[PDB]
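K.L.:
Just need the structure, nothing else, for what follows:
(8 chains)
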Amino acid sequence: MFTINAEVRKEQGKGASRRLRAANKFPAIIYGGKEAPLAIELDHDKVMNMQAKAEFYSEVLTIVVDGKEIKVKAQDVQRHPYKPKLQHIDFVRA
Amino acid sequence: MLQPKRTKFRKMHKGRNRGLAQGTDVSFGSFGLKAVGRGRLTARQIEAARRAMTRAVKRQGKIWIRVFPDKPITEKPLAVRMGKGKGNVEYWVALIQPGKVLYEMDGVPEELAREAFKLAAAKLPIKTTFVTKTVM
Amino acid sequence: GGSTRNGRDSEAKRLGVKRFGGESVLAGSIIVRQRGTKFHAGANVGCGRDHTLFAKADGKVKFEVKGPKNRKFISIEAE
Amino acid sequence: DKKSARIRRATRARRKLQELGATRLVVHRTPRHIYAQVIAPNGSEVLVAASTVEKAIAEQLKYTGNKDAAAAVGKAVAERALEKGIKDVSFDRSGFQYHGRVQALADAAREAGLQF
Amino acid sequence: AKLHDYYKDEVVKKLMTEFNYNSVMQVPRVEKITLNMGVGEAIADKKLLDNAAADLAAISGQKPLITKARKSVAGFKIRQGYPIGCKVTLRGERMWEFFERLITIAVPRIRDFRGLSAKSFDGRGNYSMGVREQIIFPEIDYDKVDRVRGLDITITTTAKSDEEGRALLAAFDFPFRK
RNA sequence: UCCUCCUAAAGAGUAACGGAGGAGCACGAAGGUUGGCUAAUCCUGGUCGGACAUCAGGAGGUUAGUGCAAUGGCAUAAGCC
RNA sequence: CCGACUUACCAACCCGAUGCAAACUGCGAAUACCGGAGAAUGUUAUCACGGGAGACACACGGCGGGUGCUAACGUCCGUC
RNA sequence: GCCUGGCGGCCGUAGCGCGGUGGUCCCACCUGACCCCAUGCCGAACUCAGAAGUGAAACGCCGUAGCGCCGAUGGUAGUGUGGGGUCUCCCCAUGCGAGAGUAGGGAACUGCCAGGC
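P.N.:
Numbers count the residues shown, from 1 in each chain, chains lettered A, B, ... in the order given. Take a look at the structure below.
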């Protein structure tokens, strides 16, 4: 199923993004081309564990944010250069 | 050896190493030397590490060399004063930022890839990382 | 061989000030080395010789981009 | 082609006349008809026009697009400008060579009292 | 008169029968014919101008056009270019009468159609062949020039139809009589 | 001594026995105006014009040209007649 | 061979992916800089003229660099 | 109101290409030219007189997004000002925030005058 839990982002910006990454999170965004983009934060290590299975980019997954569920597809992954961690991911609504 | 055959000018300024790496993902093969930390890779060490990799894989598989030494760095010789022109070029260097994939391999399994990569990282002055799984 | 030679150049950049006190003509863009990507359109016929853009009448300097090739245009219009 | 070359030949006089900010007298010539227009210096707004496609000049001449037809067109536009009160218009060649119909047009505008 | 008389015969039958054409002038009309000579690096000869007068002004009193090498690229000794390329284009109905005298020296006599000169078939719009022979000499002496006169003649029309390839001249250049 | 680029930090300016090049002229047209034209390269048909000498069409926008170095400019081409 | 050629290399070129440039730019910041309007603060600090000098041998540290080996309490610049 | 011509504004969301459409309304091909002018030859080019014929080329309009072109929010790089760790580099507070890509947009809009309905 590869469901993810996410929370809506409290603050936007460079310092907020680095603070989320220092607190074991990472920013991401939900966009679909028909409705307004919604910016989420996620627990980094669960997305690591379900990304190591290569089925992240094949099938449509679910995000449990704020009590509502969006069925999306992984667009692109922004990773750290020299670390197995990542910094950002993008989602297309499908 | 591993230098440009023609260059627009015979010397260029030293400069500073930039912030981050560019082209960090595996692209051609399945495994690569993802660099950590700044430095200078010269032509002889990349030739030595490629020779070690080719020796370890025994002419099996394909090896792509991602970096190229396109920066000419000049050494003033021994017992010569300071000034009176820039020195002549002695060796050719490739500037490395953290995350830049240096080497590539495909067609060998994980064991022989990591073995040749161990020998190459032993030859090089720059560390490597470890993400090793199959490519999609 | 010995490559220690250089030529002195003095000012190759704009000083269009648009409110300071100068009657009519001022070297709005002097030693700009070019006539095409900075033309004169507003206050009559600039770009005489060495392509120095100079005004015609009193006023403020207007920088705009127009034309099919998106070149820049220096215009002077009165208050 | 021919129309593109004509526009490229016109561009000197067009941007020169628009850059001195002068009222222009623009010609357009076809093998079947001859046109004329006088244009305010902003260029988007024209004052009067005269052509052989209108019947008021077209009934007089048995062929639209002649030497004397262009003379009649020139006296038409010049009297329209004179009754409108404008004067000292500038001839806009607009890429046709100064010969033939436009020469008749120009000396018709000259002899009809429209100064250049 | 020659243009209208050629418009009567063997042209309007090409509009409906083989390839149907919507308009009258959709058929490729015979545009301007041009001829180009191949005089080389020899400027010291003077035969080129009066040879051009012989091939151009057999009836009229026309003059050729000569110009230098303005593209001016060569592996040879000359860079800026002497007058080498002399361009000749015919005037008015002399293009048609040049075509008419070419085909009346070509069809009844097998001298001008000596071999398989028309082997190349083109549908691009350009068809060229070096004739290497005379058509009409203005003087009584038909051969006073020592050269074989390897000039190039390029018929500038779209030869999509094969009527020009079989009726007027053929590929094997064999005239046929019944 | 004088030009052009870079170092020069997106106003000017800014050093070094720093890194690359040019000038000590030329033109009575290669100045002015009027009128006109658009390039380098690829291809098929064509003369012992062979890959390029002159053709004739498409592609191809200046990738050529600027009397001479480099930079900035050009279709109003300041290029060419 | 105007047909067995046209491969186990460049298919000159061109297409896709990946890089690299002080003397590359189809992009492009922060800052600085120039010019306007507004308040508040500042012993009018700003500008001109006139009387009187000194100085024109600088050093380190941070930032941007040339050179050097990204050596030097090295040297030469910009700014504090 | 519809369809064209001229001059403009904004300069590719305004361009190239594919398929269709309009004909003395208009526009463009077209006949002839040692009448005026012209070809470094050529009435292809430029002019003059015009009558036949044509929408073929070309022009204009409408579908086609196959490429050009535009392109956000985010994130990233960078950086002004304070502070901190240092092999040449970076981090933290704060302000400003790219470029390339992505979602997508997109096969124009509008002004004056003249002509045919």
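K.L.:
Stretch E:128-148 and RNA strand F, are they touching?
P.N.:
Yes - contact of stretch E:128-148 with RNA strand F (CB under 7 Å from any atom of the strand) involves E:128, E:129, E:130, E:132. (Each C-beta comes from the backbone N, C-alpha and C, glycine too.)
K.L.:
didn't the second one look like it was pressed against residue E:150?
P.N.:
What it means is residue E:129. No - look at residue E:129 against residue E:150 with CB atoms under 8 Å: they stay out of range, at 10.9 Å.
K.L.:
Tabulate the residues of stretch E:128-148 next to RNA strand F (CSV), appending distance to residue C:9, secondary structure and neighbour count.
P.N.:
What follows is the residues of stretch E:128-148 next to RNA strand F, written out as CSV (distance: CB to CB, whole Å; DSSP: H, G, I helix; E, B strand; the rest coil; neighbours: other CB atoms under 10 Å in any protein chain shown):
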residue, distance to residue C:9, secondary structure, neighbour count
E:128, 57, strand, 14
E:129, 62, strand, 14
E:130, 60, strand, 14
E:132, 64, coil, 13
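K.L.:
List just the nearest of the residues you listed to chain A.
P.N.:
Taking CB to the nearest CB as the measure, chain A lies nearest residue E:128 of these, at 57.3 Å.
K.L.:
For the closest residue to that closest one other than its chain neighbours, list each beta-bridge partner.
P.N.:
Among residues not flanking residue E:128 along the chain, residue E:154 sits closest, at 4.1 Å (CB to CB, 6 or more residues apart in numbering or on different chains). Counting by DSSP bridges, residue E:154 forms beta bridges with residue E:34, residue E:128.
K.L.:
count of residues packed around residue E:154?
P.N.:
Counted with other CB atoms under 10 Å in any protein chain shown, the neighbours of residue E:154 add up to 13.
K.L.:
Quick check: it vs chain D, distance?
P.N.:
Remark: distance between residue E:154 and chain D (CB to the nearest CB, to the nearest Å) = 23 Å.
K.L.:
you'd agree that residue is up against residue E:87?
P.N.:
No - Residue E:154 is beyond contact range of residue E:87, at 11.4 Å (criterion: CB under 8 Å).
K.L.:
tell me, what's touching those two both at once?
P.N.:
Residues touching both residue E:154 and residue E:87 (CB atoms under 8 Å, 6 or more residues apart in numbering or on different chains): E:34, E:36.
K.L.:
center of chain E - which residue?
P.N.:
residue E:153 (3.8 Å; CA atoms, centre = their mean).
K.L.:
again with chain C
P.N.:
Taking CA atoms, centre = their mean as the criterion, residue C:29 is the residue nearest the geometric centre of chain C, at 2.5 Å.
K.L.:
OK, contacts around that residue?
P.N.:
Counting by CB under 8 Å, 6+ apart, residue C:29 touches C:13, C:14, C:16, C:38, C:52, C:53, C:74.
K.L.:
can I get the CA coordinates of the helix or strand containing residue D:27 in PDB?
P.N.:
Per DSSP states H and E, residue D:27 falls inside strand D:24-29. Output of strand D:24-29 as PDB, limited to C-alpha atoms (Å, rounded to 0.1, in the frame of the first residue of the first chain):
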ATOM      1  CA  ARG D  24       3.700  61.400 -43.000                       C
ATOM      2  CA  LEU D  25       2.100  60.700 -46.400                       C
ATOM      3  CA  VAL D  26       2.300  57.000 -46.900                       C
ATOM      4  CA  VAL D  27       1.800  55.200 -50.300                       C
ATOM      5  CA  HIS D  28       0.800  51.700 -51.000                       C
ATOM      6  CA  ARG D  29       0.700  50.600 -54.700                       C
END
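K.L.:
export the helix or strand just after that strand as PDB, just CAs?
P.N.:
Remark: after strand D:24-29, the chain's next helix or strand is strand D:34-39, criterion DSSP H and E. The C-alpha coordinates for strand D:34-39 follow below in PDB (Å, rounded to 0.1, in the frame of the first residue of the first chain):
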ATOM      1  CA  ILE D  34      -3.400  52.900 -55.800                       C
ATOM      2  CA  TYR D  35      -3.800  53.900 -52.100                       C
ATOM      3  CA  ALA D  36      -2.800  56.900 -50.000                       C
ATOM      4  CA  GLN D  37      -2.900  57.800 -46.300                       C
ATOM      5  CA  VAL D  38      -1.800  60.600 -44.000                       C
ATOM      6  CA  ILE D  39      -0.800  59.600 -40.500                       C
END
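K.L.:
Residue A:20 against residue A:27, yeah?
P.N.:
Yes - at 6.0 Å, residue A:20 counts as touching residue A:27 under the criterion of CB under 8 Å.
K.L.:
so how far is the helix or strand harbouring residue E:5 off the chain centroid?
P.N.:
Applying DSSP H and E as the criterion places residue E:5 in helix E:2-8. Mean-position distance between helix E:2-8 and its chain equals 19 Å (CA atoms, centre = their mean, to the nearest Å).
K.L.:
relative to its centroid, which residue of chain A is most remote?
P.N.:
Among the C-alpha atoms of chain A, the one most distant from their mean position (CA atoms, centre = their mean) is that of residue A:82, at 20.1 Å.
K.L.:
ok, now how distant is that one from residue B:98?
P.N.:
To residue B:98, residue A:82 is 4 Å away according to CB to CB, to the nearest Å.
K.L.:
And residue D:2, by the same measure?
P.N.:
63 Å.
K.L.:
So between these two, which is more surrounded?
P.N.:
Set residue D:2 next to residue B:98 and count neighbours by other CB under 10 Å: residue B:98 wins out with 22 against 6.
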